[PDB]
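J.: Experimental coordinates follow, after the sequence.
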Protein chains: 2
Amino acid sequence: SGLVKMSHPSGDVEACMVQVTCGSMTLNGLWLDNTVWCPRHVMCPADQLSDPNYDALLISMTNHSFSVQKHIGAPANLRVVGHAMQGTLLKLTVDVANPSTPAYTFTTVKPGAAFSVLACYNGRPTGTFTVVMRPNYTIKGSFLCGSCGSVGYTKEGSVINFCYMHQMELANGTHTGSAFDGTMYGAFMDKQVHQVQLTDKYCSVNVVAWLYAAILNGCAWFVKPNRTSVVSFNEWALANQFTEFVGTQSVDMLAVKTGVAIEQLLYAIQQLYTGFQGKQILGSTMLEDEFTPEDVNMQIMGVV
Amino acid sequence: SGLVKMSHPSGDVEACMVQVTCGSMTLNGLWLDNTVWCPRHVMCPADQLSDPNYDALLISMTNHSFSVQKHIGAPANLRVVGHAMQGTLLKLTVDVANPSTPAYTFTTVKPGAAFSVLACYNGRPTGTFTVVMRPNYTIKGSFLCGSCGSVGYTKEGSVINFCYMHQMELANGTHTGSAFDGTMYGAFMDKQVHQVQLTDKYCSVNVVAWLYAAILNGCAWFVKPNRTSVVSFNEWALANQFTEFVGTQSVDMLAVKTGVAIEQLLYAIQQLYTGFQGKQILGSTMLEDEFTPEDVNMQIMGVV
Ligand SMILES: CNC(=O)c1cc(Br)cc([N+](=O)[O-])c1N[C@@H]1CCCC[C@@H]1NC(=O)c1cncc2ccccc12
Ligand SMILES: CNC(=O)c1cc(Br)cc([N+](=O)[O-])c1N[C@@H]1CCCC[C@@H]1NC(=O)c1cncc2ccccc12
């Protein structure tokens, strides 16, 4: 029993972190097979940060303009045999294939999904935590200067899903990054300019999962027989800054084990959005959308 | 910037997890050099879980009663060449030394301290999170059946401090375990009998660290010129379920860089235990004691 912010064990990914240095700019990079991914603004000379010409910056570069160093495990310098650009990322071809490359994927997560983040500095991991892709395509992490290139991932089975590479802090505690296809979440730009965010919203499915968690941990004062259809809640959501609810088989698993219908918790959410009246839900006085249905499933009933 | 619950990268400790089997019971064990630490109640069947004779169960034991097996990376069975009991733990000697043994120590943590927990099942790591040793000598983790033997740790430099081995769940979301000297935190007993806990308290030093974090994120509406001595706050604390405050340099480093005195934040705590006046502090309506001064230093200023 118990619900915490839980991240995936990071050894798989610790073995893939390196330091990327270009000119006078250093950051972190992900070393998979014969490739090292890193943010492309490592090439930007710090003063072209307001109007960077990444095409010109790339053609300007040679393969020795980049230095890749591995500080964890067995250290080595890796000779860079190729440099390429993909969206907002640099893909550097190296002469040695990473012997610790795990089975991996590059799939872009949508808002509401969760992934474990491994924060790194100078190619050295410092901490790990779990975040959620906000509806405005940001995350609420903890990053200092030089942490870009740190990677966010999940793992189902033996396969690691690499979904995030840190790039920018927009406001206090607000951050963004890339998918490993090169596209930046929310179409933000890698340039120190004015960047407006969309409005943040509560992730409906995650609140439902969190209420199911509270029930399975002996906290169910908020449950009454009343119900509210999914259409009834999505229309309510379009006016009160909530995401459109979409049922999934994990949410349905939670509903089956609690004997509490999704519609009951949607009604409960409608009632709790005003205020908890001084009561607590799993030690919280607000609705919590930091927990996905899969996360609660694995934490409460386990994936054996 | 930003403050999250951050855990230490776990590869160090993942490389030390094994499965320990004694009869029909299977839990996790920590493999350091030629020794495997595990909870001793792996020896006791449901038959004697209400009044166990651990002294006799050990003299009853042979080296063939125990099976140690390694599931991650390269699987293997390890022969048990010796069995011993130390407090509430079993030390089983094996013929093979763990080749990935890191530099480690065994220290018993005090209330208010935080450590990273690696949750394991059948010797396989599943998740990692951060907990705090509560004033009643429990932790608020996430453990299901088979979680025993999972370990909580910290890291200084190259040295891992092993502080916790999980053993029991007392109530929903409430857990405890033993230190690697063999003693169980809070003197709980490894017998499936009802054990009432002492009263939980707010850990004052950690709330002070969290307020310092808030100030350093441009959030300091709660700061008044008013002061409250540590002696007034401790007298107030013993009557309002707070721990008695004790300063450290870590708090003092925070105090000088914020230009805000500890006593000011103690006054703020006295005022905030009532209610936050509809305000938010780093996005919550509760006081947060999950963050230690060292944690705040490392996350905000990078002083580890
Ligand atoms: C205004 N801070 C922005 O991060 C930023 C904003 C915009 Br708008 C555009 C970019 N951009 O173009 O990459 C930004 N990144 C900076 C530019 C060059 C390379 C990376 C830089 N950022 C960090 O080093 C960094 C990462 N995480 C947390 C931090 C906390 C404090 C200080 C720095 C960071
Ligand atoms: C549930 N009850 C107790 O855990 C318990 C309670 C007391 Br009082 C004493 C012991 N004791 O003496 O070991 C206990 N451990 C059980 C006894 C035999 C071996 C381990 C057993 N526990 C787990 O498997 C376990 C661990 N963590 C979280 C869990 C969540 C749900 C279910 C089980 C767990």
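T.: Done, it's in. Residues are numbered from 1 along each chain as shown, chains lettered A, B, ... in the order given. Ligands and ions are numbered 1, 2, ... in the order given.

J.: For the residue of the stretch 151-300 of chain A found nearest chain B, give me its contacts.
T.: Taking Cβ to the nearest Cβ, chain B has its nearest neighbour within the stretch 151-300 of chain A at residue A:173, 3.4 Å off. Every C-beta, even on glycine, is put in place using the N, C-alpha and C of the backbone. By Cβ atoms under 8 Å, 6 or more residues apart in numbering or on different chains, residue A:173 lies in contact with A:140-142, B:1-3, B:217, B:282.

J.: how deep is residue A:110 tucked in, by neighbour count?
T.: 9 (other Cβ atoms under 10 Å in any protein chain shown).

J.: What values do phi and psi take at it?
T.: phi -90, psi 170 (degrees, to the nearest 10).

J.: same check, this time on the one 3 residues further on
T.: Taking degrees, to the nearest 10, you get phi -80, psi 150 for the backbone angles of residue A:113.

J.: these two touch, right, it and residue A:133?
T.: Yes - the pair residue A:113 and residue A:133 passes the contact test of Cβ atoms under 8 Å, sitting 5.4 Å apart.

J.: contacting residues for residue A:20?
T.: Contacts of residue A:20 (Cβ under 8 Å, 6+ apart): A:26-29, A:36, A:38, A:42, A:66-68, A:90, A:92, A:123, A:149.

J.: near ligand 1 at all, stretch A:163-173?
T.: Yes - residues of stretch A:163-173 contacting ligand 1 under Cβ under 6 Å from any ligand atom: A:167-170.

J.: who wins for neighbours among these?
T.: residue A:167 (24 neighbours).

J.: Check the secondary structure at that one for me.
T.: strand (DSSP: H, G, I helix; E, B strand; the rest coil).

J.: which of the residues of stretch A:163-173 next to ligand 1 lies closest to ligand 2?
T.: The nearest member of the residues of stretch A:163-173 next to ligand 1 to ligand 2, counting by Cβ to the nearest ligand atom, is residue A:169 at 37.8 Å.

J.: quick check, residue A:233 in a helix?
T.: Yes - assessed with three-state DSSP, residue A:233 lies in a helix.

J.: hang on, it packs against residue A:273?
T.: No - counting by Cβ under 8 Å, residue A:273 is not a contact partner of residue A:233; they are 10.9 Å apart.

J.: Between these two, which has more neighbouring residues?
T.: Set residue A:233 next to residue A:273 and count neighbours by other Cβ under 10 Å: residue A:233 wins out with 23 against 16.

J.: list the contacts for whichever residue of the stretch 201-304 of chain A sits closest to ligand 1?
T.: Closest to ligand 1 within the stretch 201-304 of chain A is residue A:290: 20.2 Å, counting by Cβ to the nearest ligand atom. Shown in contact with residue A:290 (Cβ under 8 Å, 6+ apart): A:5, A:114, A:130, A:132, A:206, A:210.

J.: again, only this time at 10 Å
T.: Contact analysis of residue A:290 by Cβ atoms under 10 Å, 6 or more residues apart in numbering or on different chains lists A:3, A:5, A:114, A:130-132, A:140, A:203, A:206-207, A:209-210, A:284.

J.: Residue A:192 too?
T.: Contacts of residue A:192 (Cβ under 10 Å, 6+ apart): A:41, A:44, A:46, A:48-52, A:168.

J.: With respect to chain B, which of the residues you listed is nearest?
T.: residue A:168 (12.4 Å).

J.: residues contacting that closest one?
T.: Contacts of residue A:168 by Cβ under 10 Å, 6+ apart are A:39, A:41, A:88, A:138, A:143, A:148, A:174-178, A:184, A:188-192, A:195.

J.: How about residue A:108?
T.: With Cβ under 10 Å, 6+ apart, residue A:108 has these contacts: A:133, A:161, A:163-164, A:178-181, A:183, A:185.

J.: change it to 6 Å
T.: residue A:179 (Cβ atoms under 6 Å, 6 or more residues apart in numbering or on different chains).

J.: What are the phi and psi values at it?
T.: phi -80, psi 120.

J.: Up against ligand 2, what does chain A have?
T.: residue A:1.

J.: Check chain A for the residue nearest ligand 2 and tell me.
T.: Closest to ligand 2 within chain A is residue A:1: 5.1 Å, counting by Cβ to the nearest ligand atom.

J.: who's in contact with the closest residue to that residue other than its chain neighbours?
T.: Leaving aside its sequence neighbours, residue A:1 sits nearest to residue B:172 (Cβ to Cβ, 6 or more residues apart in numbering or on different chains; 5.0 Å). Listed by Cβ under 6 Å, 6+ apart, the contact set of residue B:172 reads A:1, A:217-218.

J.: for residue A:300, same thing?
T.: Applying Cβ under 6 Å, 6+ apart, we find residue A:300 in contact with residue A:216.

J.: Can you list which of the contacts of residue A:290 are found in helices?
T.: Secondary structure assignment by DSSP state H places A:206-207, A:209-210 of these in helices.

J.: most surrounded residue in those?
T.: Compared across the ones in helices among the contacts of residue A:290, residue A:209 has the highest neighbour count, 28 neighbours, by other Cβ under 10 Å.

J.: That residue: what's its closest spatial neighbour, skipping adjacent residues?
T.: residue A:293 (4.1 Å).

J.: Compute the number of surrounding residues for that neighbour.
T.: Residue A:293 has 25 neighbours, counted by other Cβ under 10 Å.

J.: Distance check, it against residue B:90.
T.: Distance, residue A:293 to residue B:90, by Cβ to Cβ, to the nearest Å: 38 Å.

J.: again, but for residue A:132
T.: In this view, residue A:132 and residue B:90 are 40 Å apart by Cβ to Cβ.

J.: what's the neighbour count on residue A:67?
T.: Neighbourhood size, residue A:67 [other Cβ under 10 Å]: 15.

J.: wait, what's in contact with it?
T.: For residue A:67, the contact set (Cβ under 6 Å, 6+ apart) comprises residue A:21.

J.: Dihedrals phi and psi, it?
T.: Dihedral pair for residue A:67: phi -130, psi 130, per degrees, to the nearest 10.

J.: Check residue A:87 too.
T.: phi 60, psi -120.

J.: so it sits right up against residue A:183, yeah?
T.: Yes - in this structure, residue A:87 is within contact of residue A:183 by Cβ atoms under 6 Å, at 5.5 Å.

J.: need the contact list for the residue in chain A that chain B sits nearest to.
T.: Per Cβ to the nearest Cβ, residue A:11 is where chain A lies closest to chain B, at 2.9 Å. Taking Cβ under 6 Å, 6+ apart as the contact definition, residue A:11 lies against B:11, B:14.

J.: Show me the helices in chain A, by range?
T.: Counting by DSSP H, the helices of chain A are A:11-14, A:54-59, A:204-216, A:230-237, A:249-258, A:262-272, A:293-300.

J.: Distance-wise, check the closest residue in space to residue A:246 that isn't next to it in sequence relative to residue A:303.
T.: Once flanking residues are discounted, residue A:246 sits nearest to residue A:205: 6.4 Å by Cβ to Cβ, 6+ apart. Distance from residue A:205 to residue A:303, counting by Cβ to Cβ: 19 Å.
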